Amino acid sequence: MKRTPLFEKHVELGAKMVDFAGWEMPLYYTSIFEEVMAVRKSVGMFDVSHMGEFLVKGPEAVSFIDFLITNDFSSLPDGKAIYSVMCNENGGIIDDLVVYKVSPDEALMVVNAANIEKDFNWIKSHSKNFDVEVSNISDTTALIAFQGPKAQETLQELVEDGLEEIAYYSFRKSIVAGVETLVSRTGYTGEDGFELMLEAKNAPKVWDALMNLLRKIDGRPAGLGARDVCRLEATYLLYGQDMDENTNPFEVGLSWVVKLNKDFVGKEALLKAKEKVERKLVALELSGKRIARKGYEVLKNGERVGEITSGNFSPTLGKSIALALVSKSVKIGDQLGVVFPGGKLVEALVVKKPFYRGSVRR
């Protein structure tokens, strides 16, 4: 398996290692619950160095990105980041991502671990008619997520610049624990927080400095187990589970990141798709402690309406929760049934999204 620059730190910390997208990563250090609560109460630190980063350099970096992604990048000012999806010609979602507008001549793309290769090939095969150069810097880049209501106050003493000046989905090049770091007020937890992008060689030092501070305020290093729980609670999507090329953005609640008033890959297909949205992604709260898995069929009074996409147990709400792709006819309040292996029906209630929202801003 691939190992991030912090692998040794995780092992030394006694974490339970698991295989995620071909990466040897920590599922948890102490327990998933304890780590989720650290994220919800103080601060949880995640090693997300398996994520990929692409660099787009050149006079036409802006127009190129605006052509590739569904969201409006054409006017995004310097220092701003933006969440979006990238679609194929048929409007299917290739991946979701975060793009940083460094300057008119430079943009950074952060994508999911499992799709680095796919994404990079897609982006490069589309740069032909743009004055840009696309490069993959994943192999030498590390990324740490410092999330929680106490994230800012704990991290500040290691940063040479004031964090308050960094707005939600904004960033700035600075120095953290003595090393060059791109600090952005972003996250995948629903709490306030930051992500620290830096050269892989400096990952160990920054992580150790941060660990020293966590212990001071009862914070915790957090693994992928907690990462999934918190993102599900926050109701953020996980590519490959909640959406893929077989779903367009409108079907999974991402209509807000699609600006049809501009030209981009998948534009025409999405115009027609918008006219007939037959599916929707709903939030479910199941009865009991069993956790639903992707693929489990979802029924309404005996009739199939869709299937589970993501599932997990939420210690924040103390309930088994899930996301499900169902027909447009399903509505909040509906009593549905989830078919577990062996034909066992588990009751589920459709609730309003999101499940939970913490200390997050804009």
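A residue's number is simply how far along the shown sequence it sits, counting from 1.
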Quick note on 259-267 and 106-114: per-entry mean CA temperature factor is higher in 259-267
State which stretch shows the higher mean Cα B factor in the entry: 13-21 or 346-354. 13-21
From 185, 280, 205, 231, the top C-alpha temperature factor is at 205
Highest-ranked of 285, 251, 161, 195 once sorted by CA temperature factor in the record: 161
Residue 247 by Cα B-factor - lowest, middle or highest third of the modelled chain: middle
Based on the deposited C-alpha B factors for this chain, I'd like to know if residue 330 is in the lowest, middle or highest third. highest
Chain-wide C-alpha B factor ranking for residue 336, given as lowest, middle or highest third: highest
Among all modelled residues of this chain, ranked by Cα B factor, put residue 128 in the bottom, middle or top third, i.e. lowest, middle or highest. middle
Classify residue 151 as lowest, middle or highest third according to the C-alpha B-factor given in the PDB entry, relative to its own chain. middle
